[PDB]
4 protein chains.
Amino acid sequence: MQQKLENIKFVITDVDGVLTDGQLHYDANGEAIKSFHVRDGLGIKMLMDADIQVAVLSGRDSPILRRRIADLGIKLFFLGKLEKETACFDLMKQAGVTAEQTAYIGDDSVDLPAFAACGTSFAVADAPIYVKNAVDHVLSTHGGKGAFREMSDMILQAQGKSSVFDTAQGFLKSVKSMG
Amino acid sequence: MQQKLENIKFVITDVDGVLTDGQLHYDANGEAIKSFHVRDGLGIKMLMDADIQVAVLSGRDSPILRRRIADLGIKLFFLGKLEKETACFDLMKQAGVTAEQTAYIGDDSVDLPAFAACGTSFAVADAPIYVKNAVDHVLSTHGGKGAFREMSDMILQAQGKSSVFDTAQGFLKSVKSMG
Amino acid sequence: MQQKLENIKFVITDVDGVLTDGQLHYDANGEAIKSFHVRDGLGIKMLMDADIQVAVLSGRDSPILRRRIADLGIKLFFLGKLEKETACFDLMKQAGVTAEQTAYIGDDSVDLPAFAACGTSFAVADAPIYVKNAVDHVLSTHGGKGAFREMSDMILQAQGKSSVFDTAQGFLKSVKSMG
Amino acid sequence: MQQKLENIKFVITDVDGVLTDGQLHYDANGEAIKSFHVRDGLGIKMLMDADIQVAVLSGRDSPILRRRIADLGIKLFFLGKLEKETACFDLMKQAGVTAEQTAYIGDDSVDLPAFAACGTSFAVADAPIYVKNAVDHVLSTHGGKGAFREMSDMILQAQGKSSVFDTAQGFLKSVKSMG
Ligand SMILES: O=C(O)[C@@]1(O)C[C@@H](O)[C@@H](O)[C@@H]([C@H](O)CO)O1
Ligand SMILES: O=C(O)[C@@]1(O)C[C@@H](O)[C@@H](O)[C@@H]([C@H](O)CO)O1
Ligand SMILES: O=C(O)[C@@]1(O)C[C@@H](O)[C@@H](O)[C@@H]([C@H](O)CO)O1
Ligand SMILES: O=C(O)[C@@]1(O)C[C@@H](O)[C@@H](O)[C@@H]([C@H](O)CO)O1
């Protein structure tokens, strides 16, 4: 993984079952709550601060997700988008990066075309076998439990930028970019 | 399981403890949130697209559940229905299928008559022993964690229709029927 | 456990960490959602139908809990009550039963006086060691995951009344008392 | 741990991933629900009653968190505070205690400066390796599942004050200070 992890400048993430644990919390009007993970959020800020852009690609759209996106300072994203191959290529163009500079993390069949578009692919731990087979690296953490952060930790460390998370002094240098 | 799985044209599912993990999220006015699983939802759409109808049978009713049902394009259902044997037979009549073409997935005693009505029965992994004893197949996944999708995956693969989930090209052929 | 389980006519249950998993879901105004378990609810109805009364004893009170209590047909209860010894004795008096006819299920220190008041005591699986030490029986299921139902199943079976849950015909005889 | 645990007079806790399991439950307007743990709450009251002050230190702020803080009788706290070293020292000054009388419990990189400021540090069980490496003691319980209570139990027992939790009589002596 080292040689691909080293050249990542852009990360695209699916939401449901990656940034969340797959649960859709309905009320009478549809999605009412989305549950994201706090250590994921910090990982997102760490990547951005380390000159790695972050994008969101989801087959669902909601004002809730759009709010979490704003909270995190995420700029590039396509929502309600079920055909994800063309979506990935469009996001890379906006990011000013190539496919081999791009990493994608997913959990289900809808992500299979995204895995094909991006140079590096990750699956969350609770992903089905046919998804795990299609990615470069299967993560040890379940979706919505820090799976993104585990990935972001890997990418940063590969590029020698682990101080932001493994030392008090490293964190307290990018602290203005953390929230 | 192959010979029964091959002839399934209709799936009836219980909600609480199957499509959910059994939790009822109350507020002051009763049920306030229901949590469904995203990979279950995709499995539901995949079955329908593969000419397998899907129905919901629940001993509880709520505007929340009725919304999730609408979101998924599910047509046939009986809610607030605790006597489930007659309910299953009525649903099969509406579906235009027979009992041996019908599969049911449940988690508790209330589902025991449904298991008797349908030709093929599944239990979620966290079902009690007396429920596991009564079904044809006990699933490895807990309710609300993809138990339905595990079943739907099994049914499709038995009928040679796994491409919709295990290949990017298969998924990107039924993509208009996925949401 | 058989000889005590056989003579139980009354069950008193704690809420947080027994009927729930211990989580308190706050909004700005305090408790906003309480999550109960569906298989617990059915167990509650089964006990009542088998001439075993059910009571709730909680150190917290909320309109949410009061709603779930009404939904279940539970009549006897004391809420916001942190001194639970006197509370248990008062509930037994209302139930028309004795201490050796009474079972209590708890998860934390506040339940320790309740264990002392009632003849039979249960601890949920995730209870601390000092709680497990104080009860007659430690359950295998975690609080809010069917711990009550596991107990209710035990009590009924001890008294020869397991048909209501382990047979379709048994369930479909008390079906009007199930919801 | 005994010699440090014995002289603790002040505990500072992080919220997300310690008092909660790391999940941020968004609606359209941001954080909509925070989930705390009931056995944690009792541990908080037990510490305070045993002349150990409790403080909250979080990089996030919300009316929800401020409500839970009020519910628990917690007085000292700094919210929305991402640089936590100076924050810890300020809290100790308000508490009238020293650094070697102070214990901190965290789960992520943002807590690394807090670990350095306080004499005794704890990590929740699901904390990353670089956090576990930085603390005096790694807890066996996951964040939001009683990790705080496990710590509070340890501190009290070290100081000979375990009766409040391991005996009915001990609990029923500080019962007015428990809620
Ligand atoms: O919202 C989050 O997920 C995030 O990780 C984001 C960060 O901005 C950071 O604020 C962290 C906490 O505030 C750190 O204690 O929350
Ligand atoms: O709501 C869902 O559960 C579902 O699985 C349904 C599908 O329509 C699909 O939209 C999927 C996601 O949108 C795929 O990324 O959500
Ligand atoms: O609300 C429940 O927990 C309960 O178990 C109660 C029962 O009344 C019953 O209705 C069951 C479901 O309705 C059975 O499918 O819900
Ligand atoms: O809100 C809680 O977490 C707390 O633990 C706090 C305590 O005040 C106590 O009231 C307990 C329950 O009320 C005990 O049954 O709740």
# chains A, B, ... in the order shown; residues from 1 in each chain; ligands from 1
call {"tool": "select_by_dssp", "arguments": {"residues": "chain A", "states": "helix (DSSP H, G or I)", "output": "number ranges by chain"}}
result
A: 2-5, 38-49, 63-72, 85-95, 99-101, 109-117, 129-132, 147-158, 163-166, 168-171, 175-177
call {"tool": "residues_around", "arguments": {"residues": "residue 86 (chain B)", "least_positions_apart": "2", "cutoff": "12 Å", "atoms": "only C-alpha atoms", "output": "VMD selection string"}}
result
(chain B and resid 57 78 81 to 84 88 to 93 111 113 to 118) or (chain C and resid 172)
call {"tool": "interface_residues", "arguments": {"of": "chain B", "to": "chain C", "cutoff": "6 Å", "atoms": "only C-alpha atoms", "output": "NGL selection string"}}
result
:B and (22-28 or 109 or 112-113 or 130)
call {"tool": "write_last_selection", "arguments": {"atoms": "N, CA and C atoms", "output": "PDB file, in the first residue's frame"}}
result
ATOM      1  N   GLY B  22     -34.381  -4.071  16.520  1.00  0.00           N
ATOM      2  CA  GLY B  22     -35.301  -4.342  17.607  1.00  0.00           C
ATOM      3  C   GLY B  22     -35.605  -3.139  18.477  1.00  0.00           C
ATOM      4  N   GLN B  23     -34.807  -2.083  18.335  1.00  0.00           N
ATOM      5  CA  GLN B  23     -34.993  -0.881  19.132  1.00  0.00           C
ATOM      6  C   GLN B  23     -36.201  -0.077  18.694  1.00  0.00           C
ATOM      7  N   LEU B  24     -37.009   0.326  19.668  1.00  0.00           N
ATOM      8  CA  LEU B  24     -38.117   1.237  19.404  1.00  0.00           C
ATOM      9  C   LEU B  24     -37.773   2.575  20.053  1.00  0.00           C
ATOM     10  N   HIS B  25     -37.589   3.595  19.220  1.00  0.00           N
ATOM     11  CA  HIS B  25     -37.117   4.884  19.698  1.00  0.00           C
ATOM     12  C   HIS B  25     -38.304   5.780  19.980  1.00  0.00           C
ATOM     13  N   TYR B  26     -38.720   5.810  21.239  1.00  0.00           N
ATOM     14  CA  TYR B  26     -39.888   6.572  21.651  1.00  0.00           C
ATOM     15  C   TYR B  26     -39.595   8.052  21.881  1.00  0.00           C
ATOM     16  N   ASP B  27     -40.571   8.904  21.582  1.00  0.00           N
ATOM     17  CA  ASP B  27     -40.641  10.180  22.284  1.00  0.00           C
ATOM     18  C   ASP B  27     -41.939  10.223  23.090  1.00  0.00           C
ATOM     19  N   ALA B  28     -42.411  11.415  23.406  1.00  0.00           N
ATOM     20  CA  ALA B  28     -43.602  11.546  24.236  1.00  0.00           C
ATOM     21  C   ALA B  28     -44.853  11.006  23.541  1.00  0.00           C
ATOM     22  N   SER B 109     -41.497 -14.738  18.186  1.00  0.00           N
ATOM     23  CA  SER B 109     -42.647 -15.634  18.260  1.00  0.00           C
ATOM     24  C   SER B 109     -43.795 -15.262  17.316  1.00  0.00           C
ATOM     25  N   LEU B 112     -43.728 -16.905  14.030  1.00  0.00           N
ATOM     26  CA  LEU B 112     -43.921 -18.354  13.971  1.00  0.00           C
ATOM     27  C   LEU B 112     -45.082 -18.802  13.062  1.00  0.00           C
ATOM     28  N   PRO B 113     -46.233 -18.095  13.085  1.00  0.00           N
ATOM     29  CA  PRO B 113     -47.257 -18.492  12.108  1.00  0.00           C
ATOM     30  C   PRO B 113     -46.878 -18.144  10.653  1.00  0.00           C
ATOM     31  N   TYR B 130     -36.026 -20.808  19.851  1.00  0.00           N
ATOM     32  CA  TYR B 130     -37.306 -21.348  19.408  1.00  0.00           C
ATOM     33  C   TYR B 130     -37.765 -20.774  18.072  1.00  0.00           C
TER      34      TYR B 130
END
call {"tool": "closest_residue", "arguments": {"among": "D:134, D:148, D:87, D:103", "to": "ligand 4", "atoms": "only C-alpha atoms and all ligand atoms"}}
result
D:148
call {"tool": "atom_distance", "arguments": {"atom1": "CA of residue 72 (chain B)", "atom2": "atom 5 (O, counted along the ligand's line) of ligand 2"}}
result
8.3 Å
call {"tool": "select_by_dssp", "arguments": {"residues": "chain B", "states": "strand (DSSP E)", "output": "MDAnalysis selection string"}}
result
chainID B and resid 10:13 23:27 30:37 53:57 76:78 102:106 120:123 137:138
call {"tool": "closest_atom_pairs", "arguments": {"of": "chain B", "to": "ligand 3", "cutoff": "7 Å", "atoms": "only C-alpha atoms and all ligand atoms", "output": "tab-separated table"}}
result
residue	atom	partner	partner_atom_place_in_ligand_line	distance
B:16	CA	ligand 3	15 (O)	6.7
B:58	CA	ligand 3	15 (O)	5.3
B:59	CA	ligand 3	13 (O)	3.5
B:60	CA	ligand 3	13 (O)	4.3
B:80	CA	ligand 3	13 (O)	6.6
B:82	CA	ligand 3	15 (O)	6.0
B:110	CA	ligand 3	15 (O)	5.7
call {"tool": "atom_distance", "arguments": {"atom1": "CA of residue 131 (chain C)", "atom2": "CA of residue 13 (chain D)"}}
result
25.1 Å
call {"tool": "residues_around", "arguments": {"residues": "residue 123 (chain D)", "least_positions_apart": "2", "cutoff": "8 Å", "atoms": "only C-alpha atoms", "output": "PDB file with N, CA and C atoms, in the first residue's frame"}}
result
ATOM      1  N   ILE D 105      -9.485  11.971  31.178  1.00  0.00           N
ATOM      2  CA  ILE D 105      -9.851  10.826  30.352  1.00  0.00           C
ATOM      3  C   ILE D 105     -10.249  11.290  28.942  1.00  0.00           C
ATOM      4  N   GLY D 106      -9.592  10.730  27.925  1.00  0.00           N
ATOM      5  CA  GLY D 106      -9.803  11.146  26.544  1.00  0.00           C
ATOM      6  C   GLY D 106      -9.836   9.984  25.566  1.00  0.00           C
ATOM      7  N   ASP D 107      -9.954  10.269  24.270  1.00  0.00           N
ATOM      8  CA  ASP D 107      -9.987   9.207  23.262  1.00  0.00           C
ATOM      9  C   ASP D 107      -9.272   9.506  21.948  1.00  0.00           C
ATOM     10  N   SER D 121      -3.652  10.053  33.483  1.00  0.00           N
ATOM     11  CA  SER D 121      -4.435  10.038  32.261  1.00  0.00           C
ATOM     12  C   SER D 121      -4.990   8.653  31.957  1.00  0.00           C
ATOM     13  N   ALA D 125     -11.293   2.270  25.812  1.00  0.00           N
ATOM     14  CA  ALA D 125     -10.822   1.035  25.174  1.00  0.00           C
ATOM     15  C   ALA D 125     -10.682   1.126  23.650  1.00  0.00           C
ATOM     16  N   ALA D 127      -9.859   3.761  21.906  1.00  0.00           N
ATOM     17  CA  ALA D 127      -8.901   4.794  21.533  1.00  0.00           C
ATOM     18  C   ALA D 127      -7.820   4.230  20.622  1.00  0.00           C
ATOM     19  N   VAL D 131      -2.943   7.122  21.201  1.00  0.00           N
ATOM     20  CA  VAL D 131      -3.567   7.693  22.386  1.00  0.00           C
ATOM     21  C   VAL D 131      -3.329   6.784  23.586  1.00  0.00           C
ATOM     22  N   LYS D 132      -3.483   5.477  23.372  1.00  0.00           N
ATOM     23  CA  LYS D 132      -3.230   4.471  24.404  1.00  0.00           C
ATOM     24  C   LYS D 132      -1.789   4.535  24.909  1.00  0.00           C
ATOM     25  N   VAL D 135      -1.181   7.507  27.680  1.00  0.00           N
ATOM     26  CA  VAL D 135      -1.889   7.573  28.955  1.00  0.00           C
ATOM     27  C   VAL D 135      -1.257   6.653  29.998  1.00  0.00           C
ATOM     28  N   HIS D 137      -3.224   4.763  32.080  1.00  0.00           N
ATOM     29  CA  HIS D 137      -4.054   3.558  32.118  1.00  0.00           C
ATOM     30  C   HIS D 137      -5.063   3.475  30.966  1.00  0.00           C
ATOM     31  N   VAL D 138      -5.056   2.343  30.273  1.00  0.00           N
ATOM     32  CA  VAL D 138      -6.041   2.067  29.239  1.00  0.00           C
ATOM     33  C   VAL D 138      -7.201   1.258  29.818  1.00  0.00           C
ATOM     34  N   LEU D 139      -8.395   1.828  29.724  1.00  0.00           N
ATOM     35  CA  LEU D 139      -9.607   1.216  30.240  1.00  0.00           C
ATOM     36  C   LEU D 139     -10.071   0.062  29.361  1.00  0.00           C
TER      37      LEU D 139
END
call {"tool": "atom_distance", "arguments": {"atom1": "atom 2 (C, counted along the ligand's line) of ligand 2", "atom2": "CA of residue 133 (chain A)"}}
result
22.6 Å
call {"tool": "residues_around", "arguments": {"residues": "residue 99 (chain D)", "least_positions_apart": "2", "cutoff": "6 Å", "atoms": "only C-alpha atoms", "output": "MDAnalysis selection string"}}
result
chainID D and resid 101:102 118:119
call {"tool": "closest_residue", "arguments": {"among": "C:12, C:141, C:77, C:18", "to": "residue 126 (chain B)", "atoms": "only C-alpha atoms"}}
result
C:141
call {"tool": "residues_around", "arguments": {"residues": "residue 8 (chain B)", "least_positions_apart": "5", "cutoff": "10 Å", "atoms": "only C-alpha atoms", "output": "MDAnalysis selection string"}}
result
chainID B and resid 3 51:53 97:103 119:120 155:156 158:159
call {"tool": "write_last_selection", "arguments": {"atoms": "N, CA and C atoms", "output": "JSON list (two decimals), in the first residue's frame"}}
result
[["chain", "number", "residue", "atom", "x", "y", "z"],
["B", 3, "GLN", "N", -32.70, -25.50, -3.88],
["B", 3, "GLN", "CA", -33.91, -25.86, -4.61],
["B", 3, "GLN", "C", -35.12, -25.02, -4.22],
["B", 51, "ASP", "N", -37.41, -9.29, -10.63],
["B", 51, "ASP", "CA", -38.75, -9.89, -10.69],
["B", 51, "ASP", "C", -39.09, -10.73, -9.46],
["B", 52, "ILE", "N", -38.65, -10.26, -8.29],
["B", 52, "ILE", "CA", -39.06, -10.83, -7.02],
["B", 52, "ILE", "C", -39.74, -9.71, -6.24],
["B", 53, "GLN", "N", -41.03, -9.86, -5.98],
["B", 53, "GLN", "CA", -41.77, -8.83, -5.26],
["B", 53, "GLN", "C", -41.38, -8.84, -3.79],
["B", 97, "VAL", "N", -48.59, -15.21, -6.47],
["B", 97, "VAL", "CA", -47.64, -16.31, -6.27],
["B", 97, "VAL", "C", -48.20, -17.32, -5.28],
["B", 98, "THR", "N", -47.54, -18.46, -5.19],
["B", 98, "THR", "CA", -47.94, -19.52, -4.27],
["B", 98, "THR", "C", -47.06, -19.51, -3.02],
["B", 99, "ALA", "N", -47.40, -20.35, -2.05],
["B", 99, "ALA", "CA", -46.66, -20.45, -0.79],
["B", 99, "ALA", "C", -45.24, -20.95, -0.98],
["B", 100, "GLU", "N", -45.05, -21.88, -1.91],
["B", 100, "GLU", "CA", -43.73, -22.44, -2.16],
["B", 100, "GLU", "C", -42.86, -21.51, -3.01],
["B", 101, "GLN", "N", -43.46, -20.43, -3.50],
["B", 101, "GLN", "CA", -42.73, -19.37, -4.19],
["B", 101, "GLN", "C", -42.43, -18.23, -3.22],
["B", 102, "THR", "N", -42.84, -18.39, -1.96],
["B", 102, "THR", "CA", -42.75, -17.29, -0.99],
["B", 102, "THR", "C", -41.75, -17.55, 0.14],
["B", 103, "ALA", "N", -40.92, -16.54, 0.42],
["B", 103, "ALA", "CA", -39.98, -16.58, 1.53],
["B", 103, "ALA", "C", -40.30, -15.53, 2.59],
["B", 119, "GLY", "N", -43.25, -21.09, 2.24],
["B", 119, "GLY", "CA", -42.47, -22.27, 1.89],
["B", 119, "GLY", "C", -41.04, -22.23, 2.39],
["B", 120, "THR", "N", -40.50, -21.03, 2.48],
["B", 120, "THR", "CA", -39.11, -20.84, 2.89],
["B", 120, "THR", "C", -39.05, -19.78, 3.97],
["B", 155, "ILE", "N", -30.71, -15.30, -2.36],
["B", 155, "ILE", "CA", -31.79, -15.64, -3.26],
["B", 155, "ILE", "C", -31.38, -15.37, -4.70],
["B", 156, "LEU", "N", -30.85, -14.17, -4.92],
["B", 156, "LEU", "CA", -30.38, -13.75, -6.24],
["B", 156, "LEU", "C", -29.30, -14.68, -6.79],
["B", 158, "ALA", "N", -28.65, -17.79, -5.99],
["B", 158, "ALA", "CA", -29.24, -19.09, -6.27],
["B", 158, "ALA", "C", -29.88, -19.11, -7.65],
["B", 159, "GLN", "N", -30.49, -17.98, -8.02],
["B", 159, "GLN", "CA", -31.17, -17.84, -9.30],
["B", 159, "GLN", "C", -30.27, -17.28, -10.40]]
call {"tool": "closest_residue", "arguments": {"among": "C:56, C:147, C:95, C:1", "to": "residue 17 (chain C)", "atoms": "only C-alpha atoms"}}
result
C:147
call {"tool": "decode", "arguments": {"residues": "region 116-134 of chain B", "atoms": "N, CA, C and O atoms", "output": "short mmCIF file (atom, residue, chain, number, x, y, z; two decimals), in the first residue's frame"}}
result
data_model
loop_
_atom_site.label_atom_id
_atom_site.label_comp_id
_atom_site.auth_asym_id
_atom_site.auth_seq_id
_atom_site.Cartn_x
_atom_site.Cartn_y
_atom_site.Cartn_z
N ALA B 116 -44.88 -20.86 9.13
CA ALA B 116 -45.72 -21.99 8.78
C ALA B 116 -46.47 -21.77 7.47
O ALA B 116 -46.74 -22.72 6.73
N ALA B 117 -46.79 -20.51 7.17
CA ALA B 117 -47.53 -20.19 5.96
C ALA B 117 -46.65 -20.20 4.71
O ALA B 117 -47.08 -20.64 3.65
N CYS B 118 -45.41 -19.74 4.84
CA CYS B 118 -44.52 -19.62 3.68
C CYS B 118 -43.63 -20.84 3.48
O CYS B 118 -43.29 -21.54 4.44
N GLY B 119 -43.25 -21.09 2.24
CA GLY B 119 -42.47 -22.27 1.89
C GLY B 119 -41.04 -22.23 2.39
O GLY B 119 -40.43 -23.26 2.68
N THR B 120 -40.50 -21.03 2.48
CA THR B 120 -39.11 -20.84 2.89
C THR B 120 -39.05 -19.78 3.97
O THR B 120 -39.62 -18.71 3.82
N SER B 121 -38.37 -20.09 5.06
CA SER B 121 -38.29 -19.17 6.18
C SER B 121 -36.85 -18.92 6.61
O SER B 121 -36.02 -19.84 6.59
N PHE B 122 -36.58 -17.68 7.00
CA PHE B 122 -35.27 -17.25 7.49
C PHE B 122 -35.38 -16.63 8.88
O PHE B 122 -36.36 -15.95 9.19
N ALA B 123 -34.36 -16.84 9.71
CA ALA B 123 -34.28 -16.17 11.00
C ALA B 123 -33.04 -15.29 11.01
O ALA B 123 -32.00 -15.68 10.48
N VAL B 124 -33.14 -14.10 11.60
CA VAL B 124 -31.96 -13.27 11.81
C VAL B 124 -31.06 -13.91 12.85
O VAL B 124 -31.51 -14.75 13.62
N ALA B 125 -29.79 -13.53 12.87
CA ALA B 125 -28.80 -14.19 13.74
C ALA B 125 -29.09 -14.08 15.24
O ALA B 125 -28.76 -14.98 16.00
N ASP B 126 -29.71 -12.97 15.65
CA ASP B 126 -29.98 -12.73 17.07
C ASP B 126 -31.37 -13.21 17.52
O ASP B 126 -31.82 -12.90 18.63
N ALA B 127 -32.03 -13.97 16.66
CA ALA B 127 -33.31 -14.58 16.98
C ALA B 127 -33.15 -15.63 18.08
O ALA B 127 -32.11 -16.26 18.18
N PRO B 128 -34.21 -15.82 18.89
CA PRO B 128 -34.14 -16.80 19.99
C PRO B 128 -34.13 -18.22 19.44
O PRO B 128 -34.48 -18.41 18.28
N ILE B 129 -33.76 -19.18 20.27
CA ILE B 129 -33.60 -20.56 19.84
C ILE B 129 -34.89 -21.15 19.25
O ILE B 129 -34.87 -21.87 18.24
N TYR B 130 -36.03 -20.81 19.85
CA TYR B 130 -37.31 -21.35 19.41
C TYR B 130 -37.77 -20.77 18.07
O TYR B 130 -38.68 -21.31 17.45
N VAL B 131 -37.13 -19.69 17.64
CA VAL B 131 -37.38 -19.12 16.32
C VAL B 131 -36.44 -19.75 15.30
O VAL B 131 -36.86 -20.11 14.20
N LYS B 132 -35.17 -19.88 15.69
CA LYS B 132 -34.15 -20.52 14.85
C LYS B 132 -34.53 -21.96 14.50
O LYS B 132 -34.25 -22.44 13.40
N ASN B 133 -35.17 -22.64 15.45
CA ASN B 133 -35.63 -24.02 15.26
C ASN B 133 -36.73 -24.15 14.22
O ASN B 133 -36.95 -25.23 13.66
N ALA B 134 -37.45 -23.06 14.00
CA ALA B 134 -38.66 -23.11 13.19
C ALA B 134 -38.43 -22.70 11.73
O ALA B 134 -39.33 -22.83 10.90
#
